[PDB]
Each structure stands twice: as structure tokens, then as C-alpha cells.
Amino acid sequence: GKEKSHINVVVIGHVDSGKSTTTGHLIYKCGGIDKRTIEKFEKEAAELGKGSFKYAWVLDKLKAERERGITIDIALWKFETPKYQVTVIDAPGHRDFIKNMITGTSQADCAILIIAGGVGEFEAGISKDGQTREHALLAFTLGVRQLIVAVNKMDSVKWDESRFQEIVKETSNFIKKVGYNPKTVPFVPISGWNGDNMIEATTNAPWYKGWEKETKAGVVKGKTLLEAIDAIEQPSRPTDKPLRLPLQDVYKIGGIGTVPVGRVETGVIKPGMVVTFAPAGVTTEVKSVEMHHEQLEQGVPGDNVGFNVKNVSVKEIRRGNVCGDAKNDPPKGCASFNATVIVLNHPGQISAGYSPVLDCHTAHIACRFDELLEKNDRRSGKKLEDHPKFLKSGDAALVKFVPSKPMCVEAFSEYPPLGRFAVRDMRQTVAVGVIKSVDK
């Protein structure tokens, strides 16, 4: 039982791709989620014959049990690989997941695109207007640079090499248009149901020599999807960056005082540090830090911590404000910020003056699109025109934003979690933004 590093993975794909069975299989055989329910169905399966059972059958029963609302475990799913503890999201098709994908905690280190290999299922999955492409575009825009492609349902096409090759060609085109470099992407033929190439190599494809990907140090090869996941590159965590901790809630506890709560996005928080809260600019000492049941010596990137501070009323700091270190690039409110905005598909056009609500870290504030400064080629960033008169679906543009209320944001290059945002309107996320400059 070796010590593991932590990574986040998001699984995307069309409704017929079989991505839930595929993700479910990995969690079942490499993790420990809803195991008492799994055990109940493994025993029940004896009824099908004389004892043997398929993992897919158990997953089907687990799904129905979850639908009834009687399973016990929460929706935070994890599984292990030789090197990692993986937190995985089988992306929901729910439209409210888009905002959650942009501002939620745990942004992905790698996206796994599941592709149905069948004849009419593959084409349906790569439609330009499909939810799958939107998810891929969002991941790319948010900096998810690693991608793994799994071509599922290979049994349905009799593990035909030509079909796999054509699918790889067409999928490479699909992802290249989004922005990914296919040479850095492993393409794994699998059967989520039968288990081929999931954890163990398939015996149904003698032509299969394995997957490969180019990395900065050389070429990495493997056979299975689990190997591809274990091959994900170790991303650098922001432990040494200045502290940034967006507030989620603020409590007034008898006998303790003010206790803000939030996720440490960058840097580390420790008792004894002197912190500043922005947009207000209030400064104070951190008295103690707690998480779950433990008192901490430090809260590191990813920890959702409570901390007690003196001489700050709950009325002067609130959700959306950002806590940072007063002696290491303290956070500041801004007069405005310029960001690259990617307009998603929606029933409207954007003109200067537009003032929708933006969700950035824990802040929820209406911000004016004060000026449309440029229109750009999305993938390269090249300026196409100065001062476009309007933006339509698909456009990438540099926009100057003016917040309607005091707001603390950061450039994405410096503090990623405080530099990406979702634009809300018409009951959906209509645009995603990446902050490029801030006027503090």
C-alpha cells in the first residue's frame, strides 16, 4: 500500500458512449464507493445461474439503487492507480453542471473522452452542437491540457482494426478543432461492459499493440485505460504561491468569535499569519485553523477550512471576499479587469453594456461588458479585429469588465482559481472567461 499523489479527472462523452459504465467499472474495481450495495448485488447475482456474475450487471443494479435514493455514499467518487488517488467526475448532462465545472472546486488534471465505436453512435457524438464538444471546449479553455480518448463498444464493431483507425482519425480531427494536439493523446480501444483494456489487456484484438503519447521527456506507451490514467502527468500544486482563500461562509460562534470558511486555492494558511480580506481591505491575525474534526498546523491548497480571526465582525466580511497574506502579495479589490471570453451556444448576441451575473470563485456579482476590446482566434490568441461591435456564439474576445459591487479577482496566470469565471443568463452559462489583467 504505497503513498499516492492526488489528481482530478473528468469523463466526458455522448449519452450512448457508455461512459457511466466505463467510469463505474474503474470505481468498482479500483475504488471503494457504495461497497455495501455492491456486495448485496454480488450475492444476489447467484440467482442468474450458479454464482457467476458480470461487473456490468452489478453496476446496473447499483444505478437503480441510487435512483431510489437509498444508497449511502455521497457523489464524491475516487479510485486508485499505482501512482495516484484519482477523484473522478462522470460529467453530468445537467445544464447547471457547466457553471459547476467552471467555478466548482477540483478542476481536472485530465479529461477522458469516451467515444462509441458503433456506426450511428460515433457520428452523433461529434456533432459541433453537442454537449460533448462543449465539455471538451470548456476543459480546453480552463487549461485541462491532458486528454485520454477511449473508444468504447469495440465488441459491437467486432474489434475491427480499420474501424478503430478511422475512429482515431476522425476523433483526432474533432479534438484538434477544439485545440488538443492528438500526438499527446492516448487512444485506447475498450469494452466498458466486458472489461477489455480497462484494467487488463484485451485478447480480442491481436492487431492491437497498445496506445502511445508524446510527452516532453519521450514517448509513453501502455495497453490499458488504467495504465493511461496512471500515466497522467503530475501537475504542480500552488503550495508556495501567496495565499488566496475565497470565502464561502462567515459564522459568529459564541465564545470563539468570527469564523470565515472557504477553500485554500493557492498558498498555505497557518495560525499566526496576518491576513487581509479583499474587496474591503480588513487585516487581522489567524488565531487557529480547523478542518473536519482536526485542528491544523496548516491548511494547504484544496483544504476547505474554518479559521478564527479577532476584531472582524461577520458584517464586514462576506461570501465572495478573498482572504490572502498581508505580507505576500495581499489580495485587492479591483476597479475593472480584462478577460478573454469564449461565448458558448446560446439564444442571443452580446454588445457592450451587457451586464449579466458572473460567478468567480465564491463571488456572484453582475459585471458590465464595458468594452469589447478585441476579437481573437481562439486557439492561437491572435487578434482578428479591434473593437468588435458584438460577439456571437463561438467567438473568443478580450473584454473589459467593470464589477457592479466591490470584487476581488486575479489574473488566471497567477492565481487560477480566482481567474476563471462563468457568465450566467437565460437559465444557462452563456460564456466562460479567463482573466488576463486586473486594475487593482
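All residue numbers are counted from 1 along the displayed sequence. What we label the rigid core is the largest C-alpha set whose atoms superpose within 1.5 Å from one form to the other.
- With every structure aligned by its rigid core, 69 to 77 is the stretch of 219 to 227 and 69 to 77 whose CA positions lie farther away in 6 other deposited structures of this protein.
- Look at the C-alpha B-factors of 278 to 286 and of 148 to 156. On average they run higher in 278 to 286.
- Higher average CA B factor: 294 to 302, of the stretches 328 to 336 and 294 to 302.
- Per the PDB entry, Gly104 shows the highest C-alpha temperature factor of the residues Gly262, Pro182, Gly104, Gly210.
- When the C-alpha B-factors of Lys177, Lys78, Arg368, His346 are read from the PDB record, the largest value belongs to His346.
- For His361, the recorded CA temperature factor ranks within the middle third of the chain's modelled residues.
- For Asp129, the recorded CA B-factor ranks within the highest third of the chain. Only modelled residues enter the ranking.
- The entry lists a Cα temperature factor for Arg427 that places it in the highest third of the chain's modelled residues.
- Per the PDB record, residue ranking by Cα B-factor puts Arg95 in the middle third of the chain.
- In the PDB entry, a CA B factor belonging to the highest third of its chain's modelled residues is recorded for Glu121.
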